[PDB]
């Protein structure tokens, strides 16, 4: 029963959830990976990992992915949550040097992951293992695009480190631009391609309908995270959230800000419904009778179908995951699943 302020009747009615058939094995295999890579302590893995629903989030998204592709995506996604937690803890504890060194290591590992599989920082080693596996599915040109995108993500996290240590809340437009990077919009968009087995040509993935559908799926995911994660973030002195920027820069009340974020999220849905018609028409057009055309058509159709699945997977994840259940914590500023 979704809280009334967070409920989206259009998602519930018109975006039925899907779940990949590999999910049961995925749940246990990513938990074992978090344990074996020492990304969380064993007692915290046992108590909290399944309840965090990280594998459920990806298995509701990349439908049709080969099992090995889904496994690498799920491990990387769980890694990305643990990295968000490390970044938060380094900010809270004023560990500017530790963050700077981790930032530099991630840039280097991203370009040479095999070299870093046994690094002394288990967070770097776990990153490198997941990225090396993601780099084994498609040509080097896709790997280079993933790396270009993630270098940009790392730098967006560095900007957040400086904003939070200096007390700065970004302006609304500044925030919206930063949030496309901190939520990793273009990484999730890149990962559609190994999931459907095809690196798309620039001419296809930059088609305006593919681009706009991809963008709106990610804006929904990030802004719905902002809507649902606002309480945990206020409690933890996090400043990065569309609602916080609106309160600060536009002088809205909390209630006014939550309503404006919710309206922005609802508009993403109905803008997506419009452009989805065009992106599926484009998938139809690619099927021109040729073998290549059929391949590209099926890949675009699968990817646009997963851009739609992201809406329902992200919506339910925020009500199922222990990650956001701040009311259940003894110390609302310190989630129990982080290493403090």
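Residue numbers count along the first chain shown, from 1.
Higher mean CA B-factor, judged across 138 to 146 and 164 to 172 from the recorded values: 164 to 172. Stretches compared: 83 to 91, 244 to 252. Higher mean C-alpha B-factor in the entry: 244 to 252. Set against one another, the Cα B-factors of 118, 185, 107, 206 in the record reach their highest point at 206. Of the candidates 53, 42, 273, 299, the one whose C-alpha carries the top B factor in the deposited record is 42. In the PDB entry, residue 194 places in the lowest third of its chain by CA B-factor. Looking at the C-alpha B-factors along this chain, the one for residue 66 belongs to the middle third. When all modelled residues of the chain are sorted by CA temperature factor, residue 19 is found within the lowest third. Ranked by Cα temperature factor within the chain, residue 100 sits in the middle third according to the deposited record. Residue 329: CA B factor in the highest third of modelled residues in this chain (values from the PDB entry).
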